[PDB]
Structure formats: structure tokens, C-alpha cells
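Below: one structure, written as C-alpha cells.
Only the coordinates and a few stated rules stand behind these numbers; no lab work does. Positions of Cβ are generated from backbone atoms using ideal geometry, with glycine treated the same way; all protein chains shown enter the neighbour counts.
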Amino acid sequence: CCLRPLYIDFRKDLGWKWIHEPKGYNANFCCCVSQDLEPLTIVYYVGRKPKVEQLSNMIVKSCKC
Amino acid sequence: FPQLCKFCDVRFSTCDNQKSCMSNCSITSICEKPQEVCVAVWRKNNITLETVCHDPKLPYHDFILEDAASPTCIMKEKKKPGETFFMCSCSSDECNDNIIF
């Protein structure tokens, strides 16, 4: 039950096509349960408008047993 | 639920004589109304390709989208005067990335 490294590529794993950038990020995966999470800033378009926003619960950090 | 159908606007294209060319567009959008639909238009003077999200009731370029519900975009000549003009419409999510003639 220790933290871990993993990489996730929105279109090719989660299957989310709406996110413009980043193509992916590294979130971690922990049985051992995830303790602490953190948001990921992302970019996407509503029509042609580009907007910025943090997606919370995207990045795992502390593991707790 | 709103579609994603590409909104890369007017762009200069390498599209030419091949049966199908891809929108080389870098942006996939979350259409502003759940009613909407993508269209891809490919006007040929150089050649500009246009990809937007549009509404089936509204007319585009003084033309109206009759096959707006088709799952994959298909181009037919609209015979606008003085130019080679082609248009299409999607009901799928990011339809107009692959254009089929």
C-alpha cells in the first residue's frame, strides 16, 4: 500500500474526446485505497470558445491503507 | 445531449482528388446546443475546408442541410455560382473529421 506511478491518455484510455489539452497526465493508482487527490487543469471548447478549468479528483497523491 | 462536431472554421486544405480526405483540424468542440450538428464544407476556387457545428433548422450559406441526420458526413455539390462548392452534415460525435465523396 504505497504510491505508484501511472500514465493516462484521455483519448486512448479513458476515451474522453472533449478535452483539448493535455493529451494525458499521470494520476497514480493504489486493498490499498486512495487517500489524497488533487485537481488537473484542462482546456476545452464550447463552440469556438476556449476555456480553462481544473478537474478535481484527477490526480491521486497519498495512499491510505 | 450536445454533440462534439469539429469547429475549426475555415482552413486551407491539401484535400484534392482522393475519394476521402481528413479534416486536419486540431480542435474538437462541445457544441453549444444539444440540437446541433456538424457540417463540413469544402469550397474550391485554392481550396478552403470549413468545419463548424450547426443547427438543422437554420440555413447555412443560403443552403439547407437535408441529410443532417446521417451518421457519417458525405459531400454533394451545392452548385454555388463561380466556384466548386461541397457540403455535408453529421449526427455522430465529431463526424466531420473524415470527409467521404
When the residues of region B:15-66 are filtered to those that are among the small types (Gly, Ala, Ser) and under 15 Å from B:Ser92 (Cβ atoms), which remaining residue is nearest to the other protein chains (Cβ to nearest Cβ)? B:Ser29
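What are the residues in region B:36-60 that are of a type outside the set (D, E, K, R) and out of contact with any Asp or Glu (no Cβ under 9 Å at 6 or more places or on another chain), if any? Break it down stepwise before answering.
Filtering region B:36-60 for residues of a type outside the set (D, E, K, R) gives B:37-42, B:45-49, B:51-54, B:56, B:58-60.
B:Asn46, B:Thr48, B:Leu49, B:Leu58, B:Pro59, B:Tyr60 - these are the residues of region B:36-60 that are of a type outside the set (D, E, K, R) and out of contact with any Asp or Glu (no Cβ under 9 Å at 6 or more places or on another chain).
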Being touching a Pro at 6+ places or on another chain (Cβ under 9 Å) and surrounded by fewer than 18 Cβ atoms within 10 Å (Cβ to Cβ) is the filter; apply it to region B:67-92 and report the residue that is nearest to A:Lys17 (Cα to Cα). B:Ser92
Give the number of residues within region B:46-74 that are touching a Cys at 6+ places or on another chain (Cβ under 6 Å), closer than 15 Å to B:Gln35 by Cβ and part of a loop (DSSP other than H, G, I, E, B). 0
Checking B:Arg43 against (1) assigned to a strand (DSSP E or B); (2) surrounded by fewer than 20 Cβ atoms within 10 Å (Cβ to Cβ); (3) in contact with a strand residue (DSSP E or B) (Cβ under 6 Å, 6 or more places away or on another chain), which test does it fail? (3)
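Any chance you could count how many residues in region A:1-38 are closer than 30 Å to B:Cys5 by Cβ and in a loop (DSSP other than H, G, I, E, B)?
We begin by selecting, within region A:1-38, every residue closer than 30 Å to B:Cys5 by Cβ; these are A:7-25, A:27.
Filter once more, keeping what is in a loop (DSSP other than H, G, I, E, B): A:7, A:9-20, A:22-24, A:27.
So the answer is 17.
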Which of the residues spanning region B:4-26 are under 14 Å from the mean Cα position of the chain (by Cα) and in a loop (DSSP other than H, G, I, E, B)? B:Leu4, B:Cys5, B:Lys6, B:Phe7, B:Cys8, B:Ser13, B:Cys15, B:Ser23, B:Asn24, B:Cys25
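Return yes or no: is B:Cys95 in contact with a helix residue (DSSP H, G or I) (Cβ under 9 Å, 6 or more places away or on another chain), within 21 Å of A:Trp18 (Cβ to Cβ) and not polar (S, T, N, Q)?
On the way: in contact with a helix residue (DSSP H, G or I) (Cβ under 9 Å, 6 or more places away or on another chain): no; within 21 Å of A:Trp18 (Cβ to Cβ): yes; not polar (S, T, N, Q): yes.
Spelling it out, it is not the case that B:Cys95 is in contact with a helix residue (DSSP H, G or I) (Cβ under 9 Å, 6 or more places away or on another chain), within 21 Å of A:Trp18 (Cβ to Cβ) and not polar (S, T, N, Q).
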Considering only residues that are surrounded by fewer than 17 Cβ atoms within 10 Å (Cβ to Cβ) and charged (D, E, K, R), which ones fall in region B:1-31? B:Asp9, B:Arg11, B:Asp16, B:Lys19
Among the residues of region A:47-62, are any away from chain B (no Cβ under 14 Å), assigned to a loop (DSSP other than H, G, I, E, B) and in contact with a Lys or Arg (Cβ under 7 Å, 6 or more places away or on another chain)? no
